[PDB]
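Asks: need a 3D model of the sequence below.
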Amino acid sequence: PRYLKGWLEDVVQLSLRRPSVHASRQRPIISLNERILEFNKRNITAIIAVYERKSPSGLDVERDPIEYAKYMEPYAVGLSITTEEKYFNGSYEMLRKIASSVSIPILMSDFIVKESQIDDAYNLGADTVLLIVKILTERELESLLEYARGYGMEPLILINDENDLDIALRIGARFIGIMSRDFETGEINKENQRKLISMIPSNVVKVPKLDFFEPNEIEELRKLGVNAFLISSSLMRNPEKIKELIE
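Replies: Residues are numbered from 1 along each chain as shown. Sure, the structure comes next:
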């Protein structure tokens with residue numbers, strides 16, 4: 001990985017030590033990026049619903065992992081499940097149980113720094129994985145991208161700034177996610193996100209991450225050629241809102 005400090009260094013050190021899981025895939029592979037293109041062709045808004053394990057406050061808005069996934073299955077283009085344990089309270093067992101319960105694409109969201117983590121994703125039933133440019137060297141990103149494609153996965157490559165985007169385009173990323181929060185400060189900056197979006201070539205499948213939204217904001221981004229949306233907070237607090245993004 002790159003030279004890091006703070007909690008990002010801490011989670012990288014944890015991920016380097018993550019034991020590989022002993023599981024056997026009993027699930028087809030459903031390409032998430034290609035399903036997004038199918039939704040685009042049918043003019044159906046493509047929402048990747050982000051599941052969060054625990055609520056950040058005492059408000060009892062926690063969702064059962066299976067009920068949430070089953071609720072989203074008829075509407076979402078895919079699901080994002082976070083398997084990081086220390087800060088996000090995820091687990092491999094939670095991913096496995098969700099994947100055996102639904103038949104739509106599952107994105108494994110974690111801090112992937114070694115090949116065995118992609119093995120884990122495949123063996124547990126995930127259809128693709130998240131790769132984060134900021135924590136990897138250019139050559140590590142290239143290697144892990146080729147490695148995931150050897151499983152038939154097109155990973156979602158997550159960028160935060162102009163340097164990230166430059167690397168991603170040069171290595172031939174076809175599936176790019178754009179953060180709305182700054183990586184170093186945690187502050188939401190929709191303005192910087194829209195700037196990066198507008199620089200991505202049209203033939204790349206591009207996916208901004210959004211916590212909250214207004215319906216008009218979605219249409220404006222779709223107008224720029226955004227292909228799909230990663231949405232978290234608004235759907236955890238009100239899962240039924242996904243029905244308002246489709247109809």
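
Asks: looking at this, residue 241 is in a helix?
Replies: Yes: under DSSP: H, G, I helix; E, B strand; the rest coil, residue 241 sits within a helix.

Asks: could you look up the SS state of the residue located most distally from the centre of the chain?
Replies: The outermost residue of the chain relative to its centre, with distances by CA atoms, centre = their mean, is residue 58 at 26.0 Å. At residue 58, secondary structure determined by three-state DSSP is coil.

Asks: what's the helix or strand for the residue nearest to residue 226 when sequence neighbours are not counted?
Replies: Setting aside the residues directly before and after it, residue 226 is nearest to residue 206 in space (CB to CB, 6 or more residues apart in numbering), at 5.7 Å. The way it works is simple: take the backbone N, C-alpha and C, and place the C-beta from them, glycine included. Assigned by DSSP states H and E, residue 206 belongs to strand 205-210.

Asks: after that strand comes which helix or strand?
Replies: Counting by DSSP H and E, what follows strand 205-210 is helix 215-223.

Asks: residues of that next one that come out buried?
Replies: By neighbour count on 16 or more other CB atoms under 10 Å, the buried set for helix 215-223 is 218, 221, 222.

Asks: looks like the second one contacts residue 229 (just checking).
Replies: Okay, so that is residue 221. Yes: between residue 221 and residue 229 there is a contact under CB atoms under 8 Å: 7.5 Å.

Asks: need the overlap of contacts for the two.
Replies: Taking CB atoms under 8 Å, 6 or more residues apart in numbering as the contact rule, the neighbours common to residue 221 and residue 229 are residue 208.

Asks: picking up where we left off before, now render the buried residues of helix 215-223 as a markdown table, adding distance to residue 124.
Replies: Formatted as a markdown table, the buried residues of helix 215-223 follow (distance: CB to CB, whole Å):
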| residue | distance to residue 124 |
| --- | --- |
| 218 | 31 |
| 221 | 32 |
| 222 | 32 |
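
Asks: could you point out which element follows the strand or helix carrying residue 165?
Replies: Assigned by DSSP H and E, residue 165 belongs to helix 162-170. The helix or strand immediately downstream of helix 162-170 is strand 175-178, counting by DSSP H and E.

Asks: what's that next one packed up against?
Replies: On a contact count with 3 or more CB pairs under 8 Å, 6 or more residues apart in numbering; DSSP states H and E, strand 175-178 meets strand 156-159, helix 190-199, strand 205-210.

Asks: how far out from the middle of the chain is stretch 115-127?
Replies: Its chain's C-alpha centre and that of stretch 115-127 lie 14 Å apart, by CA atoms, centre = their mean, to the nearest Å.

Asks: actually stretch 90-105, not the one I wrote
Replies: With CA atoms, centre = their mean, you get 14 Å for stretch 90-105.

Asks: how about the strands in the chain?
Replies: 47-51, 78-82, 106-109, 128-132, 156-159, 175-178, 205-210, 229-231 (DSSP state E).

Asks: list of residues touching the last one?
Replies: What it means is strand 229-231. Outside of strand 229-231, the residues within contact range by CB under 8 Å, 6+ apart are 45-50, 80, 177, 207-211, 213, 218, 221, 242, 245.

Asks: try the fifth one
Replies: Here strand 156-159 makes contact (CB under 8 Å, 6+ apart) with 32-33, 107, 128-133, 141, 145, 164-165, 168, 173, 175-179, 196, 207.
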